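Asker: Input file: model-v3.pdb. Contents: PDB, C-alpha atoms and all ligand atoms.
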```
MODEL        1
ATOM      1  CA  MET A   1     -67.514 -82.111  51.086  1.00  0.00           C
ATOM      2  CA  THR A   2     -68.856 -84.674  48.601  1.00  0.00           C
ATOM      3  CA  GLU A   3     -66.506 -85.347  45.695  1.00  0.00           C
ATOM      4  CA  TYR A   4     -67.396 -86.624  42.227  1.00  0.00           C
ATOM      5  CA  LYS A   5     -64.835 -88.250  39.944  1.00  0.00           C
ATOM      6  CA  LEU A   6     -65.729 -87.496  36.323  1.00  0.00           C
ATOM      7  CA  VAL A   7     -63.973 -88.660  33.154  1.00  0.00           C
ATOM      8  CA  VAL A   8     -64.418 -87.046  29.727  1.00  0.00           C
ATOM      9  CA  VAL A   9     -63.828 -89.389  26.801  1.00  0.00           C
ATOM     10  CA  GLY A  10     -64.331 -89.271  23.065  1.00  0.00           C
ATOM     11  CA  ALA A  11     -62.515 -89.038  19.772  1.00  0.00           C
ATOM     12  CA  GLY A  12     -59.808 -86.457  19.189  1.00  0.00           C
ATOM     13  CA  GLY A  13     -61.056 -83.016  18.243  1.00  0.00           C
ATOM     14  CA  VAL A  14     -64.563 -83.321  19.667  1.00  0.00           C
ATOM     15  CA  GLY A  15     -64.071 -80.680  22.382  1.00  0.00           C
ATOM     16  CA  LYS A  16     -63.195 -82.629  25.517  1.00  0.00           C
ATOM     17  CA  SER A  17     -60.599 -80.066  26.632  1.00  0.00           C
ATOM     18  CA  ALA A  18     -62.673 -77.036  25.618  1.00  0.00           C
ATOM     19  CA  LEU A  19     -65.698 -78.386  27.505  1.00  0.00           C
ATOM     20  CA  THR A  20     -63.664 -79.065  30.659  1.00  0.00           C
ATOM     21  CA  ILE A  21     -61.931 -75.668  30.574  1.00  0.00           C
ATOM     22  CA  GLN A  22     -65.247 -73.943  29.855  1.00  0.00           C
ATOM     23  CA  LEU A  23     -66.729 -75.654  32.911  1.00  0.00           C
ATOM     24  CA  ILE A  24     -63.848 -74.980  35.288  1.00  0.00           C
ATOM     25  CA  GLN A  25     -62.563 -71.621  34.040  1.00  0.00           C
ATOM     26  CA  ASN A  26     -65.582 -70.153  32.173  1.00  0.00           C
ATOM     27  CA  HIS A  27     -63.840 -69.462  28.876  1.00  0.00           C
ATOM     28  CA  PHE A  28     -63.466 -71.081  25.473  1.00  0.00           C
ATOM     29  CA  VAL A  29     -59.990 -72.191  24.457  1.00  0.00           C
ATOM     30  CA  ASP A  30     -58.979 -71.594  20.858  1.00  0.00           C
ATOM     31  CA  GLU A  31     -56.221 -74.237  20.970  1.00  0.00           C
ATOM     32  CA  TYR A  32     -55.195 -76.873  23.527  1.00  0.00           C
ATOM     33  CA  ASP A  33     -52.497 -79.492  22.737  1.00  0.00           C
ATOM     34  CA  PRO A  34     -54.529 -82.620  21.910  1.00  0.00           C
ATOM     35  CA  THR A  35     -51.976 -84.905  23.625  1.00  0.00           C
ATOM     36  CA  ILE A  36     -52.345 -83.258  27.059  1.00  0.00           C
ATOM     37  CA  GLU A  37     -54.317 -85.302  29.609  1.00  0.00           C
ATOM     38  CA  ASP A  38     -54.826 -83.713  33.034  1.00  0.00           C
ATOM     39  CA  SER A  39     -57.380 -83.481  35.829  1.00  0.00           C
ATOM     40  CA  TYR A  40     -59.223 -80.318  36.824  1.00  0.00           C
ATOM     41  CA  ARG A  41     -60.964 -79.563  40.126  1.00  0.00           C
ATOM     42  CA  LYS A  42     -63.664 -77.032  40.936  1.00  0.00           C
ATOM     43  CA  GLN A  43     -65.899 -76.660  43.967  1.00  0.00           C
ATOM     44  CA  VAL A  44     -69.437 -76.176  42.663  1.00  0.00           C
ATOM     45  CA  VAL A  45     -73.017 -76.148  43.912  1.00  0.00           C
ATOM     46  CA  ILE A  46     -75.335 -78.589  42.122  1.00  0.00           C
ATOM     47  CA  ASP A  47     -79.027 -78.534  43.089  1.00  0.00           C
ATOM     48  CA  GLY A  48     -77.940 -77.024  46.390  1.00  0.00           C
ATOM     49  CA  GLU A  49     -75.189 -79.513  47.212  1.00  0.00           C
ATOM     50  CA  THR A  50     -71.613 -78.258  47.497  1.00  0.00           C
ATOM     51  CA  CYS A  51     -69.216 -80.736  45.930  1.00  0.00           C
ATOM     52  CA  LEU A  52     -65.794 -80.855  44.342  1.00  0.00           C
ATOM     53  CA  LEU A  53     -65.747 -81.959  40.704  1.00  0.00           C
ATOM     54  CA  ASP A  54     -62.564 -83.936  39.961  1.00  0.00           C
ATOM     55  CA  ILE A  55     -62.564 -84.201  36.168  1.00  0.00           C
ATOM     56  CA  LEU A  56     -60.118 -86.099  33.962  1.00  0.00           C
ATOM     57  CA  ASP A  57     -59.772 -84.645  30.438  1.00  0.00           C
ATOM     58  CA  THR A  58     -58.493 -87.682  28.547  1.00  0.00           C
ATOM     59  CA  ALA A  59     -56.296 -87.415  25.461  1.00  0.00           C
ATOM     60  CA  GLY A  60     -55.678 -91.070  24.571  1.00  0.00           C
ATOM     61  CA  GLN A  61     -51.874 -91.190  24.682  1.00  0.00           C
ATOM     62  CA  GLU A  62     -50.426 -94.690  25.074  1.00  0.00           C
ATOM     63  CA  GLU A  63     -47.816 -93.547  27.625  1.00  0.00           C
ATOM     64  CA  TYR A  64     -48.431 -94.880  31.126  1.00  0.00           C
ATOM     65  CA  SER A  65     -50.185 -92.635  33.636  1.00  0.00           C
ATOM     66  CA  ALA A  66     -51.000 -93.946  37.107  1.00  0.00           C
ATOM     67  CA  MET A  67     -53.484 -91.068  37.472  1.00  0.00           C
ATOM     68  CA  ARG A  68     -55.413 -92.125  34.358  1.00  0.00           C
ATOM     69  CA  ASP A  69     -55.760 -95.731  35.540  1.00  0.00           C
ATOM     70  CA  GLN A  70     -56.967 -94.497  38.921  1.00  0.00           C
ATOM     71  CA  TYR A  71     -59.596 -92.290  37.274  1.00  0.00           C
ATOM     72  CA  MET A  72     -60.981 -94.881  34.833  1.00  0.00           C
ATOM     73  CA  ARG A  73     -61.291 -97.515  37.564  1.00  0.00           C
ATOM     74  CA  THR A  74     -62.442 -95.118  40.297  1.00  0.00           C
ATOM     75  CA  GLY A  75     -64.220 -92.780  37.875  1.00  0.00           C
ATOM     76  CA  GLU A  76     -67.820 -92.507  39.031  1.00  0.00           C
ATOM     77  CA  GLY A  77     -69.213 -90.989  35.823  1.00  0.00           C
ATOM     78  CA  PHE A  78     -68.200 -90.551  32.211  1.00  0.00           C
ATOM     79  CA  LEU A  79     -69.029 -87.969  29.565  1.00  0.00           C
ATOM     80  CA  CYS A  80     -68.922 -89.643  26.148  1.00  0.00           C
ATOM     81  CA  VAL A  81     -68.386 -86.774  23.730  1.00  0.00           C
ATOM     82  CA  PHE A  82     -68.799 -86.564  19.988  1.00  0.00           C
ATOM     83  CA  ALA A  83     -69.131 -83.470  17.780  1.00  0.00           C
ATOM     84  CA  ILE A  84     -72.319 -82.837  15.805  1.00  0.00           C
ATOM     85  CA  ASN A  85     -70.235 -81.930  12.731  1.00  0.00           C
ATOM     86  CA  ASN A  86     -68.075 -85.085  12.965  1.00  0.00           C
ATOM     87  CA  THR A  87     -69.880 -88.238  11.886  1.00  0.00           C
ATOM     88  CA  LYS A  88     -66.850 -90.403  12.602  1.00  0.00           C
ATOM     89  CA  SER A  89     -66.617 -89.157  16.219  1.00  0.00           C
ATOM     90  CA  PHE A  90     -70.237 -90.245  16.721  1.00  0.00           C
ATOM     91  CA  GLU A  91     -69.443 -93.659  15.207  1.00  0.00           C
ATOM     92  CA  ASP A  92     -66.570 -93.927  17.709  1.00  0.00           C
ATOM     93  CA  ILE A  93     -68.902 -93.515  20.711  1.00  0.00           C
ATOM     94  CA  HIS A  94     -69.750 -97.226  21.012  1.00  0.00           C
ATOM     95  CA  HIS A  95     -66.059 -98.098  21.369  1.00  0.00           C
ATOM     96  CA  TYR A  96     -65.877 -95.713  24.328  1.00  0.00           C
ATOM     97  CA  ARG A  97     -68.996 -96.964  26.088  1.00  0.00           C
ATOM     98  CA  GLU A  98     -67.885-100.577  25.609  1.00  0.00           C
ATOM     99  CA  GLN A  99     -64.494 -99.952  27.214  1.00  0.00           C
ATOM    100  CA  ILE A 100     -66.163 -98.146  30.129  1.00  0.00           C
ATOM    101  CA  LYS A 101     -68.457-101.138  30.673  1.00  0.00           C
ATOM    102  CA  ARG A 102     -65.354-103.351  30.832  1.00  0.00           C
ATOM    103  CA  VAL A 103     -63.489-101.182  33.348  1.00  0.00           C
ATOM    104  CA  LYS A 104     -66.552-101.081  35.596  1.00  0.00           C
ATOM    105  CA  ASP A 105     -67.524-104.685  34.816  1.00  0.00           C
ATOM    106  CA  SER A 106     -71.024-103.264  34.598  1.00  0.00           C
ATOM    107  CA  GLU A 107     -73.724-102.271  32.137  1.00  0.00           C
ATOM    108  CA  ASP A 108     -74.985 -99.557  34.548  1.00  0.00           C
ATOM    109  CA  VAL A 109     -72.167 -96.991  34.707  1.00  0.00           C
ATOM    110  CA  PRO A 110     -73.138 -93.321  35.306  1.00  0.00           C
ATOM    111  CA  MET A 111     -72.673 -91.793  31.874  1.00  0.00           C
ATOM    112  CA  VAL A 112     -73.957 -89.038  29.620  1.00  0.00           C
ATOM    113  CA  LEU A 113     -73.808 -88.752  25.833  1.00  0.00           C
ATOM    114  CA  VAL A 114     -72.643 -85.292  24.766  1.00  0.00           C
ATOM    115  CA  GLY A 115     -73.001 -83.826  21.285  1.00  0.00           C
ATOM    116  CA  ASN A 116     -70.603 -80.896  21.274  1.00  0.00           C
ATOM    117  CA  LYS A 117     -70.132 -77.992  18.830  1.00  0.00           C
ATOM    118  CA  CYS A 118     -73.885 -77.397  18.569  1.00  0.00           C
ATOM    119  CA  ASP A 119     -73.235 -73.764  17.591  1.00  0.00           C
ATOM    120  CA  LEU A 120     -71.872 -74.927  14.197  1.00  0.00           C
ATOM    121  CA  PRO A 121     -74.154 -75.134  11.133  1.00  0.00           C
ATOM    122  CA  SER A 122     -72.202 -78.005   9.466  1.00  0.00           C
ATOM    123  CA  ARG A 123     -74.169 -80.624  11.390  1.00  0.00           C
ATOM    124  CA  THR A 124     -73.958 -84.242  10.180  1.00  0.00           C
ATOM    125  CA  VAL A 125     -75.428 -86.060  13.241  1.00  0.00           C
ATOM    126  CA  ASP A 126     -79.058 -85.111  13.895  1.00  0.00           C
ATOM    127  CA  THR A 127     -80.633 -84.921  17.352  1.00  0.00           C
ATOM    128  CA  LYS A 128     -82.957 -87.891  16.738  1.00  0.00           C
ATOM    129  CA  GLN A 129     -79.887 -89.940  15.811  1.00  0.00           C
ATOM    130  CA  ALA A 130     -78.061 -89.197  19.062  1.00  0.00           C
ATOM    131  CA  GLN A 131     -81.308 -89.394  21.070  1.00  0.00           C
ATOM    132  CA  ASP A 132     -81.937 -92.895  19.701  1.00  0.00           C
ATOM    133  CA  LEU A 133     -78.408 -94.021  20.598  1.00  0.00           C
ATOM    134  CA  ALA A 134     -78.758 -92.680  24.146  1.00  0.00           C
ATOM    135  CA  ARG A 135     -82.153 -94.426  24.355  1.00  0.00           C
ATOM    136  CA  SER A 136     -80.365 -97.686  23.543  1.00  0.00           C
ATOM    137  CA  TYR A 137     -77.688 -97.105  26.190  1.00  0.00           C
ATOM    138  CA  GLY A 138     -80.301 -95.927  28.717  1.00  0.00           C
ATOM    139  CA  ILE A 139     -78.412 -92.680  29.405  1.00  0.00           C
ATOM    140  CA  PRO A 140     -79.139 -88.965  28.987  1.00  0.00           C
ATOM    141  CA  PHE A 141     -78.121 -87.072  25.862  1.00  0.00           C
ATOM    142  CA  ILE A 142     -77.171 -83.390  26.021  1.00  0.00           C
ATOM    143  CA  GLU A 143     -76.137 -81.058  23.193  1.00  0.00           C
ATOM    144  CA  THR A 144     -73.395 -78.618  24.112  1.00  0.00           C
ATOM    145  CA  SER A 145     -71.195 -75.808  22.810  1.00  0.00           C
ATOM    146  CA  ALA A 146     -67.920 -75.199  24.629  1.00  0.00           C
ATOM    147  CA  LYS A 147     -67.826 -71.946  22.604  1.00  0.00           C
ATOM    148  CA  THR A 148     -71.080 -70.363  23.791  1.00  0.00           C
ATOM    149  CA  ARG A 149     -71.381 -72.422  27.047  1.00  0.00           C
ATOM    150  CA  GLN A 150     -74.756 -73.890  25.984  1.00  0.00           C
ATOM    151  CA  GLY A 151     -75.410 -77.129  27.885  1.00  0.00           C
ATOM    152  CA  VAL A 152     -71.921 -77.319  29.423  1.00  0.00           C
ATOM    153  CA  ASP A 153     -73.020 -77.098  33.058  1.00  0.00           C
ATOM    154  CA  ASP A 154     -76.062 -79.266  32.255  1.00  0.00           C
ATOM    155  CA  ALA A 155     -73.786 -81.974  30.841  1.00  0.00           C
ATOM    156  CA  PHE A 156     -71.495 -82.214  33.874  1.00  0.00           C
ATOM    157  CA  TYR A 157     -74.270 -81.660  36.424  1.00  0.00           C
ATOM    158  CA  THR A 158     -76.550 -84.237  34.798  1.00  0.00           C
ATOM    159  CA  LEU A 159     -73.641 -86.690  35.125  1.00  0.00           C
ATOM    160  CA  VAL A 160     -73.386 -85.884  38.840  1.00  0.00           C
ATOM    161  CA  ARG A 161     -77.154 -86.470  39.103  1.00  0.00           C
ATOM    162  CA  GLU A 162     -76.639 -89.846  37.411  1.00  0.00           C
ATOM    163  CA  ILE A 163     -73.869 -90.713  39.911  1.00  0.00           C
ATOM    164  CA  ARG A 164     -76.260 -89.819  42.734  1.00  0.00           C
ATOM    165  CA  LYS A 165     -78.961 -92.141  41.345  1.00  0.00           C
ATOM    166  CA  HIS A 166     -76.340 -94.903  41.031  1.00  0.00           C
ATOM    167  CA  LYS A 167     -74.848 -94.354  44.501  1.00  0.00           C
ATOM    168  CA  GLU A 168     -78.293 -94.593  46.139  1.00  0.00           C
ATOM    169  CA  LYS A 169     -79.172 -97.808  44.299  1.00  0.00           C
ATOM    170  CA  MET A 170     -75.917 -99.538  45.329  1.00  0.00           C
ATOM    171  CA  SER A 171     -76.651 -98.803  49.025  1.00  0.00           C
TER     172      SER A 171
HETATM  173  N1  LIG A 201     -67.226 -74.150  17.249  1.00  0.00           N
HETATM  174  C1  LIG A 201     -66.874 -74.920  18.294  1.00  0.00           C
HETATM  175  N2  LIG A 201     -65.587 -75.331  18.369  1.00  0.00           N
HETATM  176  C2  LIG A 201     -65.202 -76.118  19.409  1.00  0.00           C
HETATM  177  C3  LIG A 201     -66.171 -76.508  20.428  1.00  0.00           C
HETATM  178  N3  LIG A 201     -65.497 -77.280  21.316  1.00  0.00           N
HETATM  179  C4  LIG A 201     -64.213 -77.360  20.911  1.00  0.00           C
HETATM  180  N4  LIG A 201     -64.065 -76.653  19.791  1.00  0.00           N
HETATM  181  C5  LIG A 201     -62.839 -76.479  19.031  1.00  0.00           C
HETATM  182  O1  LIG A 201     -62.482 -77.744  18.414  1.00  0.00           O
HETATM  183  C6  LIG A 201     -61.061 -77.945  18.483  1.00  0.00           C
HETATM  184  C7  LIG A 201     -60.732 -79.161  19.344  1.00  0.00           C
HETATM  185  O2  LIG A 201     -61.217 -78.964  20.667  1.00  0.00           O
HETATM  186  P1  LIG A 201     -60.405 -79.703  21.842  1.00  0.00           P
HETATM  187  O3  LIG A 201     -61.023 -79.299  23.162  1.00  0.00           O
HETATM  188  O4  LIG A 201     -58.932 -79.589  21.710  1.00  0.00           O
HETATM  189  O5  LIG A 201     -60.876 -81.250  21.547  1.00  0.00           O
HETATM  190  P2  LIG A 201     -60.300 -82.631  22.183  1.00  0.00           P
HETATM  191  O6  LIG A 201     -59.197 -83.188  21.321  1.00  0.00           O
HETATM  192  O7  LIG A 201     -61.517 -83.475  22.304  1.00  0.00           O
HETATM  193  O8  LIG A 201     -59.722 -82.278  23.532  1.00  0.00           O
HETATM  194  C8  LIG A 201     -60.489 -76.591  18.997  1.00  0.00           C
HETATM  195  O9  LIG A 201     -60.058 -75.799  17.896  1.00  0.00           O
HETATM  196  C9  LIG A 201     -61.620 -75.902  19.778  1.00  0.00           C
HETATM  197  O10 LIG A 201     -61.569 -74.505  19.690  1.00  0.00           O
HETATM  198  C10 LIG A 201     -67.548 -76.002  20.257  1.00  0.00           C
HETATM  199  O11 LIG A 201     -68.451 -76.281  21.056  1.00  0.00           O
HETATM  200  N5  LIG A 201     -67.844 -75.230  19.191  1.00  0.00           N
HETATM  201 MG    MG A 202     -57.836 -82.410  24.461  1.00  0.00          MG
ENDMDL
END
```
Let me see the structure of the file written as structure tokens.

Answerer:
Amino acid sequence: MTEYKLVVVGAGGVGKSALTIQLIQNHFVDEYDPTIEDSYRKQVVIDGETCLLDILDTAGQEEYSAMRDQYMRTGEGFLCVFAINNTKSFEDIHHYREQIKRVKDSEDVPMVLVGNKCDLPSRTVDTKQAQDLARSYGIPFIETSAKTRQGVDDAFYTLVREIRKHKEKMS
């Protein structure tokens, strides 16, 4: 009955699509056209509450989408995703958070920092690094693998729990 509008953002290749599809369909996609942006819905139970997750997997294509606009402005929570084997994608995080702050005109937007691909040994971004950045933003940090499903539910559900904290402060 309660809906949650989630948006997944981050540099190309970090695993935004694989994480979303893992969440909704419980499998790991080998390849997914990096230009495809679409929303995915799933009814789930989180801490005993039935809700519908309405999740926008962004792809960053300059072509107009009225759905995208709607989601960024009405998006209640955002997953900011980098890959632990992609130093540049971690450097790109701040750009994403800053543009979310602008859309919401707020420094307190429900948001979670996600370090994806944590099954890979070629790690270049250590946990303390990402934990210190999330400390600065005042948001949770979760390490995930869309391949093995580690942390995937935790990432999306933690975001819902952040939206709940926000919603109950604002009223
Ligand atoms: N090993 C590993 N590969 C991943 C993971 N998540 C995504 N990938 C792969 O990384 C590539 C890009 O993922 P994709 O979801 O298209 O990233 P996007 O551009 O952010 O949407 C694909 O080849 C996926 O199979 C992960 O957690 N572990
Ligand atoms: Mg994609």

Asker: In Å, with one decimal, what is the gap from atom CA of residue 18 of chain A to atom CA of residue 1 of chain A?

Answerer: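 Here the two named atoms are 26.4 Å from each other.
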
Asker: For this file, the PyMOL selection byres (((not hetatm)) within 8 of (chain A and resi 202)) selects which residues, as a PDB file with C-alpha atoms, keeping the file's coordinate frame?

Answerer:
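Contents of part_23.pdb, as written:
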```
ATOM      1  CA  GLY A  12     -59.808 -86.457  19.189  1.00  0.00           C
ATOM      2  CA  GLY A  13     -61.056 -83.016  18.243  1.00  0.00           C
ATOM      3  CA  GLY A  15     -64.071 -80.680  22.382  1.00  0.00           C
ATOM      4  CA  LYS A  16     -63.195 -82.629  25.517  1.00  0.00           C
ATOM      5  CA  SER A  17     -60.599 -80.066  26.632  1.00  0.00           C
ATOM      6  CA  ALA A  18     -62.673 -77.036  25.618  1.00  0.00           C
ATOM      7  CA  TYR A  32     -55.195 -76.873  23.527  1.00  0.00           C
ATOM      8  CA  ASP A  33     -52.497 -79.492  22.737  1.00  0.00           C
ATOM      9  CA  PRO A  34     -54.529 -82.620  21.910  1.00  0.00           C
ATOM     10  CA  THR A  35     -51.976 -84.905  23.625  1.00  0.00           C
ATOM     11  CA  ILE A  36     -52.345 -83.258  27.059  1.00  0.00           C
ATOM     12  CA  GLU A  37     -54.317 -85.302  29.609  1.00  0.00           C
ATOM     13  CA  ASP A  57     -59.772 -84.645  30.438  1.00  0.00           C
ATOM     14  CA  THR A  58     -58.493 -87.682  28.547  1.00  0.00           C
ATOM     15  CA  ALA A  59     -56.296 -87.415  25.461  1.00  0.00           C
TER      16      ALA A  59
END
```

Asker: Restricting the calculation to all atoms listed in the file: of A:89, A:159, A:146, A:169, which residue gets closest to residue 24 of chain A?

Answerer: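 Counting all atoms listed in the file, the residue closest to residue 24 of chain A is A:146.
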
Asker: For residue 25 of chain A, which of A:134, A:152, A:118, A:100 is the closest residue, counting only C-alpha atoms?

Answerer: A:152

Asker: Run the PyMOL selection byres (((chain A and resi 77) around 10) and not hetatm) on the file and write out the hits as a list in words.

Answerer: residues 4, 5, 6, 7, 8, 55, 71, 72, 74, 75, 76, 78, 79, 80, 100, 109, 110, 111, 112, 156, 159, 160, 161, 162, 163, 164 and 166 of chain A

Asker: In Å to one decimal, how far is atom CA of residue 31 of chain A from atom CA of residue 158 of chain A?

Answerer: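 Taking atom CA of residue 158 of chain A and atom CA of residue 31 of chain A, their separation equals 26.5 Å.
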
Asker: Can you turn the PyMOL selection byres (((chain A and resi 50) around 12) and not hetatm) into a concrete residue list for this file, as a PyMOL selection string?

Answerer: chain A and resi 1-4+42-49+51-53+157+160

Asker: Please list as JSON, numbers by chain every residue within 12 Å of residue 121 of chain A, counting only C-alpha atoms and excluding residues in the same chain fewer than 6 positions away.

Answerer: {"A": [83, 84, 85, 86]}

Asker: Restore N, CA and C atoms in segment 36-60 of chain A and list the result as an mmCIF file, in the frame of the given file.

Answerer:
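Wrote result.cif, looks like this:
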```cif
data_model
loop_
_atom_site.group_PDB
_atom_site.id
_atom_site.type_symbol
_atom_site.label_atom_id
_atom_site.label_comp_id
_atom_site.auth_asym_id
_atom_site.auth_seq_id
_atom_site.Cartn_x
_atom_site.Cartn_y
_atom_site.Cartn_z
ATOM 1 N N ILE A 36 -52.418 -83.561 25.632
ATOM 2 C CA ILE A 36 -52.345 -83.258 27.059
ATOM 3 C C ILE A 36 -53.564 -83.846 27.769
ATOM 4 N N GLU A 37 -53.308 -84.735 28.725
ATOM 5 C CA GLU A 37 -54.317 -85.302 29.609
ATOM 6 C C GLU A 37 -54.007 -84.834 31.028
ATOM 7 N N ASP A 38 -55.004 -84.246 31.690
ATOM 8 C CA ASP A 38 -54.826 -83.713 33.034
ATOM 9 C C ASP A 38 -56.189 -83.659 33.715
ATOM 10 N N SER A 39 -56.164 -83.573 35.039
ATOM 11 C CA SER A 39 -57.380 -83.481 35.829
ATOM 12 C C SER A 39 -57.563 -82.049 36.308
ATOM 13 N N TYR A 40 -58.829 -81.669 36.458
ATOM 14 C CA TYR A 40 -59.223 -80.318 36.824
ATOM 15 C C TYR A 40 -60.220 -80.411 37.966
ATOM 16 N N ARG A 41 -60.054 -79.575 38.990
ATOM 17 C CA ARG A 41 -60.964 -79.563 40.126
ATOM 18 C C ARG A 41 -61.612 -78.198 40.298
ATOM 19 N N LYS A 42 -62.870 -78.223 40.711
ATOM 20 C CA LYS A 42 -63.664 -77.032 40.936
ATOM 21 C C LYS A 42 -64.669 -77.391 42.016
ATOM 22 N N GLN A 43 -64.792 -76.540 43.034
ATOM 23 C CA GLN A 43 -65.899 -76.660 43.967
ATOM 24 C C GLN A 43 -67.108 -75.960 43.355
ATOM 25 N N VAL A 44 -68.225 -76.680 43.290
ATOM 26 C CA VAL A 44 -69.437 -76.176 42.663
ATOM 27 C C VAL A 44 -70.616 -76.487 43.574
ATOM 28 N N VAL A 45 -71.744 -75.861 43.269
ATOM 29 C CA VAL A 45 -73.017 -76.148 43.912
ATOM 30 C C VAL A 45 -73.937 -76.707 42.837
ATOM 31 N N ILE A 46 -74.455 -77.911 43.064
ATOM 32 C CA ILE A 46 -75.335 -78.589 42.122
ATOM 33 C C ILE A 46 -76.614 -78.928 42.875
ATOM 34 N N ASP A 47 -77.726 -78.339 42.442
ATOM 35 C CA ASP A 47 -79.027 -78.534 43.089
ATOM 36 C C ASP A 47 -78.956 -78.289 44.595
ATOM 37 N N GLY A 48 -78.069 -77.389 45.003
ATOM 38 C CA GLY A 48 -77.940 -77.024 46.390
ATOM 39 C C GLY A 48 -76.924 -77.803 47.172
ATOM 40 N N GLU A 49 -76.251 -78.768 46.552
ATOM 41 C CA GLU A 49 -75.189 -79.513 47.212
ATOM 42 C C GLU A 49 -73.825 -78.968 46.782
ATOM 43 N N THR A 50 -73.006 -78.591 47.762
ATOM 44 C CA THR A 50 -71.613 -78.258 47.497
ATOM 45 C C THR A 50 -70.832 -79.544 47.281
ATOM 46 N N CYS A 51 -70.064 -79.592 46.199
ATOM 47 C CA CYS A 51 -69.216 -80.736 45.930
ATOM 48 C C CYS A 51 -67.989 -80.227 45.204
ATOM 49 N N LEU A 52 -66.972 -81.074 45.163
ATOM 50 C CA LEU A 52 -65.794 -80.855 44.342
ATOM 51 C C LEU A 52 -65.904 -81.768 43.124
ATOM 52 N N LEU A 53 -65.881 -81.178 41.926
ATOM 53 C CA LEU A 53 -65.747 -81.959 40.704
ATOM 54 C C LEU A 53 -64.272 -82.229 40.466
ATOM 55 N N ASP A 54 -63.934 -83.491 40.206
ATOM 56 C CA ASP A 54 -62.564 -83.936 39.961
ATOM 57 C C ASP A 54 -62.613 -84.607 38.589
ATOM 58 N N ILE A 55 -62.238 -83.860 37.549
ATOM 59 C CA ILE A 55 -62.564 -84.201 36.168
ATOM 60 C C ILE A 55 -61.288 -84.510 35.413
ATOM 61 N N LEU A 56 -61.244 -85.689 34.792
ATOM 62 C CA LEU A 56 -60.118 -86.099 33.962
ATOM 63 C C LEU A 56 -60.466 -85.834 32.497
ATOM 64 N N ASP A 57 -59.702 -84.936 31.873
ATOM 65 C CA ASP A 57 -59.772 -84.645 30.438
ATOM 66 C C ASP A 57 -58.802 -85.609 29.757
ATOM 67 N N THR A 58 -59.338 -86.678 29.177
ATOM 68 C CA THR A 58 -58.493 -87.682 28.547
ATOM 69 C C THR A 58 -58.012 -87.217 27.171
ATOM 70 N N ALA A 59 -56.838 -87.706 26.777
ATOM 71 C CA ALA A 59 -56.296 -87.415 25.461
ATOM 72 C C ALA A 59 -55.889 -88.659 24.681
ATOM 73 N N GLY A 60 -55.889 -89.837 25.301
ATOM 74 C CA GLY A 60 -55.678 -91.070 24.571
ATOM 75 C C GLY A 60 -54.254 -91.354 24.165
#
```
